[PDB]
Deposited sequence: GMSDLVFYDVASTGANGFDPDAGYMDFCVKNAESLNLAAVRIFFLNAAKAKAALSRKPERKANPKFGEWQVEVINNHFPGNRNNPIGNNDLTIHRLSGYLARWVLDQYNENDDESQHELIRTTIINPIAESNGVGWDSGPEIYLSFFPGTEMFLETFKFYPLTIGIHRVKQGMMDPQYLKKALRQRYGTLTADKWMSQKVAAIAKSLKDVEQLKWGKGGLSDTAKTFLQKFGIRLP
């Protein structure tokens, strides 16, 4: 695959092969502005697709246009999804990984500041979690990141485990993450072999500041005392 650079002759959905295909087709036309717009508008895009009868559609986010399968219109819910096809959910996962790749591309502080100020994760932010928590953990609040459990250091799973433990989520919602691979390991194999790694990941999640900042009224008050925020 993409990590060991081993290639094969041309079965089930493999998110690593899906990500490769996505990158071949889209890497050149992606930019941070477009990806920011995507993440701010993913849910709205699903809503919009839900009243469009066409089996495929071509939403545009900023300057970047992309073809997706429309599984949101009720008449289309059954239609098969191809391994190289894009859905809003798959795109969310692929773009979260693309943002991480951008972050890891170099360690200049300007790169990190650009990414931290441009990409917003509304789900993370709604929970009191910002970029300061770490890039993998921040990005793991995005839908679709469960496709890449090793990449995201088990956080797409352990966020869900934490939520269940806190009574914030029905255990059934864990089913998606629990079906995924971890690198080369199948779910049966990592559930058996990676308990320590997952526990370590969960502790990272438990230590997040689940909650937020000072109010506008408080900030205005504090400015009267020469405190600018």
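- Gaps without C-alpha coordinates occur at 11 to 15, 217, 236, with positions taken along the deposited sequence from 1.
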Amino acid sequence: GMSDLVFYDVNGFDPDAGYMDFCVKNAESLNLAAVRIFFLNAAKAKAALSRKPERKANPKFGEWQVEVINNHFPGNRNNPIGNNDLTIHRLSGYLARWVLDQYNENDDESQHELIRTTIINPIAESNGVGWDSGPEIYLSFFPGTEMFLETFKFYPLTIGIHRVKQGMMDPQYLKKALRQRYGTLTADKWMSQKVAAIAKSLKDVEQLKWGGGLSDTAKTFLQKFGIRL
From here on, numbers count along this sequence of modelled residues.
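- Mean C-alpha B-factor is higher over 124 to 132 than over the other stretch, the pair under comparison being 124 to 132 and 98 to 106.
- Higher mean CA B-factor, judged across 186 to 194 and 163 to 171 from the recorded values: 163 to 171.
- Per the deposited record, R179 carries the highest C-alpha B-factor of all listed residues (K44, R51, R36, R179).
- The deposited CA B-factor of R77 belongs to the highest third of values across its chain.
- In the deposited entry, the Cα temperature factor of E113 sits in the middle third of values across the chain's modelled residues.
- Among the modelled residues of its chain, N83 has a C-alpha B-factor that falls in the highest third according to the deposited record.
- Ranked by Cα temperature factor within the chain, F221 sits in the middle third according to the deposited record.
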